[PDB]
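> when you get a sec, could you give me coordinates for this:
(2 chains, ligands or ions: 2)
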Amino acid sequence: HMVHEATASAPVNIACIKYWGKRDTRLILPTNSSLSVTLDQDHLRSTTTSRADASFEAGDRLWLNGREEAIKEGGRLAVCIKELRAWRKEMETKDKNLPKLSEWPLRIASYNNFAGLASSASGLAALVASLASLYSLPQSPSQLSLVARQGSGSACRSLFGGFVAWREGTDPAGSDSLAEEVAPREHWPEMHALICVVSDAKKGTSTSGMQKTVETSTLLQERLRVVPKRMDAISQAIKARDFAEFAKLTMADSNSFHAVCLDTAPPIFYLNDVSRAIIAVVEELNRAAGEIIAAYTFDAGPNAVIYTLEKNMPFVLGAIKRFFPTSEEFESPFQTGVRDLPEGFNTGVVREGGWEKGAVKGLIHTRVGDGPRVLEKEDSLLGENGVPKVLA
Amino acid sequence: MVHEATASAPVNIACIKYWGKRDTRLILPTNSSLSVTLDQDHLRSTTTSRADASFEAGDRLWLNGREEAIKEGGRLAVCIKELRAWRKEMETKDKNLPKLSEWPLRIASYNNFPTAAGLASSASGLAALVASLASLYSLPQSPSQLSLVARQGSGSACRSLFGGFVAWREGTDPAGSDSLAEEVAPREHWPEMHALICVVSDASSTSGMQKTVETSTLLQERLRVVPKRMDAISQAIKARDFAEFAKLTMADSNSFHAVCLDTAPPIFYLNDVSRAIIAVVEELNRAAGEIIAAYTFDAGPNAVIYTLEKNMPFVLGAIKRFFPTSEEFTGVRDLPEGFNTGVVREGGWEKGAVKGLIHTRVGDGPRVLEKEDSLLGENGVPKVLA
Ligand SMILES: Nc1ncnc2[nH]cnc12
Ligand SMILES: Nc1ncnc2[nH]cnc12
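Residues are numbered from 1 along each chain as shown, chains lettered A, B, ... in the order given. Ligands and ions are numbered 1, 2, ... in the order given. And now the structure:
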């Protein structure tokens, strides 16, 4: 009984130039280009096993984190599977001797090792990489990113390692809305990142959200004029390894994104009081250093990502650890240490009384990473009958 | 013959926000703004001015019982100089008048704001100084003309020279002659307009706003949008259309805080309690089936919630349901049916997260007061000293 199965992981990525707004909601074509750093799969990843077998019971089945997920026709997962099956069928049409993998049911199981960390970009990228390997697709990562983009917009940027653009494109059919390497991981491997996972228990109760910004935010129209300039500038900065300009652009575009969220009617809020305190600390770190050594950025929630070159991570750790005692124990994967605040650091930028333990829940030290990884049989999430090994 | 005048001036709250100066010396703004003047029965700044030929040379001023320096070329000094010059014009035309302009000034001011409210006081404070000196000197100048002096001395002070609904017109004259306040509608036009100030627990405007001017790209689009909001909100006020007034007020408040966020470094005034109040007001409007309340936020986390007098019980009820207030600081209605309490953290907020509530309403312009209201003793020193 021959087994046709592939397992792949894909990385998380954190946008420096933010995706926020679609011009086509079905194809997921964006209102502007975006640009991200791919993070190290040694620390954060999604992993997906896909198997096709002529003897599986009819109908595809998919599990996420051990719970079966319905694959409704037309939805994000179904569309991705349909496009990748079509590319496999094309191979079979050209070479009639190939086994007819495209005709068989799929069994798919995925897990991430993650807090409020956005899991859809790495998750859909892992699905695409896994199925592309299962089907031995000839398509390039760029071509595969067209499919990932339709599962979840920022998933397309997780098809590459290093520093990665999503080019907005101008084709109404989306053929040029895809990811592109701006610089590979080996160009600037010292780019590290500290993720600050923030408690968010004082609020009430993104795809629906960002379209409300498109519909109602007057300030968004100026953001769309500014983003191309930041794309060009941050690409130059990465190519030049100019950390200060990379950092300035990253902080400016993060704040720009949260600004147009605030300008939405009704307003959209993601930063919380802890997020703002982390910004104050990073801003004061750069000021006291007399040099921009760290850059915060925030996606659609209060967690901070702080970019810094490895050599300056002890300053970032020192500042965060000084003001934000964590409930989770912290070990750097590299045993990176902690340095005292630069002389002149104004501790008054943090509230009187400080922050209670757990206001920041925990820290994750990671760095710029490679693209998706095809794994070995040993890593499979599926048992011998095609049902996941772990069911929640 | 004692020459002494006491006047009060109101606080005002901008619906269309002033944020950004095109001229920092004359205080000319990057855009027009528009506010509601609040009732001096509730919040007021009060200033007594006296001129006397036998005072010791040099003007003196006290604020809340503490003496304040009036250095030449400073804001207060230039304000006094301009008003003195208008008085000297009177004495030139009428040689019989006493030479009040030639005599030293003793000035005392006080505001009645609640302890720890976080309310900005410089605007009503300078408006009261201007009204008091104009009364002392018997100046003929109109409120509009006086607002030029208030504007130069303290910006949005110019909008407190009028009651009701007041515009600060940005003007185009580089010397500022047309950057002044103008009445959009008097208090009597819409006296039903009430306001609930929510004093929020909070763990620099002048320098701050110029950083936004220097660094915010989104500000440049805000400056294109504000004239549209000014026209629309003036029409809504004239039509007494609360829902349109409310939408514009909430939109421009959020626009202001957005360009603060887009400043480099970013400026943050709203906090998590501010955000919760916004969630409650928006859900109140939804559950009520019509817009009955409008939040707005200035340079800090305090909320001001506009509402017609008849709907204040709903607004007060919703705020007191989720934000129990402090001891250190009225009929209420239950939440409308269908209000989703999920828009607030479970169980609401701790007591004192909102410290207290001030219920006020649209009010008239500055008031000239009586001898009994004087802040000065017989010798021209304040009655109450710190
Ligand atoms: N790991 C994953 N695989 C597929 N879809 C996902 N959506 C979120 N995470 C996912
Ligand atoms: N009442 C007042 N008088 C003068 N200047 C002030 N600044 C703030 N409040 C004031």
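> give the helix, strand or coil label for the residue of chain A found nearest chain B.
Chain B sits closest to residue A:222 of chain A, with a gap of 3.7 Å, by Cβ to the nearest Cβ. Every C-beta, even on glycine, is put in place using the N, C-alpha and C of the backbone. Secondary structure of residue A:222, reduced to three states by DSSP: H, G, I helix; E, B strand; the rest coil: helix.
> burial of the nearest residue to it once chain neighbours are set aside, as a residue count?
Leaving out its chain neighbours, the residue that sits closest to residue A:222 by Cβ to Cβ, 6 or more residues apart in numbering or on different chains is residue B:221, at 3.7 Å. Other residues within reach of residue B:221, judged by other Cβ atoms under 10 Å in any protein chain shown, total 23.
> I figured residue B:221 hits residue A:221, correct?
Yes: when contacts are counted by Cβ atoms under 8 Å, residue B:221 is listed as touching residue A:221 (6.3 Å).
> wouldn't residue A:134 be in contact with residue A:102 here?
No: assessed by Cβ under 8 Å, residue A:134 is found out of contact with residue A:102, at 10.5 Å.
> between those two, which contacts overlap?
Residues touching both residue A:134 and residue A:102 by Cβ atoms under 8 Å, 6 or more residues apart in numbering or on different chains: none at all.
> so residue A:384 sits in a helix?
No: read with three-state DSSP, residue A:384 is coil and lies in no helix.
> what about it, distance to ligand 1?
22 Å (Cβ to the nearest ligand atom, to the nearest Å).
> residue A:142 sits in which helix or strand?
helix A:141-151 (DSSP states H and E).
> OK, contacts around residue A:56?
By Cβ under 8 Å, 6+ apart, the contact list for residue A:56 reads A:104, A:105, A:106, A:107, A:386.
> what helices or strands is the helix or strand residue A:15 falls within leaning on?
Using DSSP H and E, residue A:15 sits within strand A:13-17. Applying 3 or more Cβ pairs under 8 Å, 6 or more residues apart in numbering or on different chains; DSSP states H and E, one finds that strand A:13-17 contacts strand A:34-38, helix A:218-240, helix A:243-262, strand A:295-298.
> what helices or strands is the second one leaning on?
Going back to what we said before, that points to helix A:218-240. Looks like helix A:218-240 contacts strand A:13-17, strand A:34-38, strand A:163-167, strand A:178-183, helix A:243-262, helix B:217-239, helix B:242-261 (3+ Cβ pairs under 8 Å, 6+ apart).
> which one, of those, ends up nearest to ligand 2?
Closest approach to ligand 2 among the helices and strands packed on helix A:218-240 (Cβ to the nearest ligand atom): helix B:242-261, 21.7 Å.
> can I get the closest one in CSV, CA atoms only?
What follows is helix B:242-261, C-alpha atoms only, in CSV (Å, rounded to 0.1, in the frame of the first residue of the first chain):
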residue,chain,number,x,y,z
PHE,B,242,-28.3,65.8,16.8
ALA,B,243,-27.4,62.6,14.8
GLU,B,244,-25.4,64.5,12.2
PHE,B,245,-23.8,66.7,14.9
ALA,B,246,-22.9,63.5,16.7
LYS,B,247,-21.3,61.6,13.8
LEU,B,248,-19.2,64.6,12.9
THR,B,249,-18.0,65.1,16.5
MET,B,250,-17.0,61.5,17.0
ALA,B,251,-15.4,61.3,13.6
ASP,B,252,-13.3,64.4,14.2
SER,B,253,-12.3,63.3,17.7
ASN,B,254,-11.0,60.1,16.3
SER,B,255,-9.3,61.9,13.4
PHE,B,256,-7.4,64.1,16.0
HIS,B,257,-6.3,61.1,18.0
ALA,B,258,-5.3,59.4,14.8
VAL,B,259,-2.9,62.2,13.7
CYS,B,260,-1.5,62.1,17.2
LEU,B,261,-0.8,58.4,16.8
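> shouldn't residue A:294 be in contact with residue A:317?
No: in this structure residue A:294 lies outside contact range of residue A:317 using Cβ under 8 Å: 10.4 Å.
> shared neighbours, the two?
With Cβ under 8 Å, 6+ apart, residue A:294 and residue A:317 have no common neighbours.
> just the closest residue of the stretch 51-200 of chain A to ligand 1, please.
residue A:123 (2.3 Å).
> what residues does chain A put near ligand 1?
Contact residues (Cβ under 6 Å from any ligand atom) of chain A with ligand 1: A:46, A:48, A:64, A:110, A:112, A:119, A:120, A:123, A:124, A:126, A:127.
> distance to ligand 2 added to those residues, as JSON lines?
Below are the residues of chain A next to ligand 1 laid out as JSON lines (distance: Cβ to the nearest ligand atom, whole Å):
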{"residue": "A:46", "distance to ligand 2": "57"}
{"residue": "A:48", "distance to ligand 2": "63"}
{"residue": "A:64", "distance to ligand 2": "59"}
{"residue": "A:110", "distance to ligand 2": "61"}
{"residue": "A:112", "distance to ligand 2": "55"}
{"residue": "A:119", "distance to ligand 2": "52"}
{"residue": "A:120", "distance to ligand 2": "52"}
{"residue": "A:123", "distance to ligand 2": "56"}
{"residue": "A:124", "distance to ligand 2": "57"}
{"residue": "A:126", "distance to ligand 2": "60"}
{"residue": "A:127", "distance to ligand 2": "62"}
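> farthest pair in those?
Within the residues of chain A next to ligand 1, two members stand farthest from each other by Cβ to Cβ: A:48 and A:120, at 12.7 Å.
> from ligand 1, how far out is the residue of chain A closest to chain B?
From residue A:222 across to ligand 1, the span is 33 Å (Cβ to the nearest ligand atom).
> contacts only, for that residue.
B:217, B:218, B:220, B:221.
> centre of the chain to stretch A:28-46, how far?
The chain centroid and the centroid of stretch A:28-46 are separated by 4 Å, computed with Cα atoms, centre = their mean, to the nearest Å.
> now do stretch A:231-245
Remark: stretch A:231-245 is offset 20 Å from the chain centroid, using Cα atoms, centre = their mean.
> surely residue A:281 and residue A:347 touch.
No: using Cβ under 8 Å, residue A:281 makes no contact with residue A:347, being 9.5 Å away.
> pull the contacting residues for residue A:182.
For residue A:182, the contact set (Cβ under 8 Å, 6+ apart) comprises A:35, A:162, A:163, A:164, A:165, A:235, A:238, A:239.
> biggest separation within those, which pair?
Greatest spacing in these, by Cβ to Cβ: A:164 and A:239 (13.6 Å).
> touching, residue A:194 and residue A:364? I think so.
Yes: using Cβ under 8 Å, residue A:194 is in contact with residue A:364, at 7.2 Å.
> residues touching residue A:112, list them.
The contact partners of residue A:112, by Cβ under 8 Å, 6+ apart, come to A:44, A:45, A:46, A:47, A:65, A:119, A:122, A:123.
> follow-up on the earlier one: give me the angle between the strand holding residue A:15 and strand A:163-167.
Orientation check (axes from the mean of the first three to the mean of the last three Cα atoms, to 10 degrees): strand A:13-17 against strand A:163-167 gives 70 degrees.
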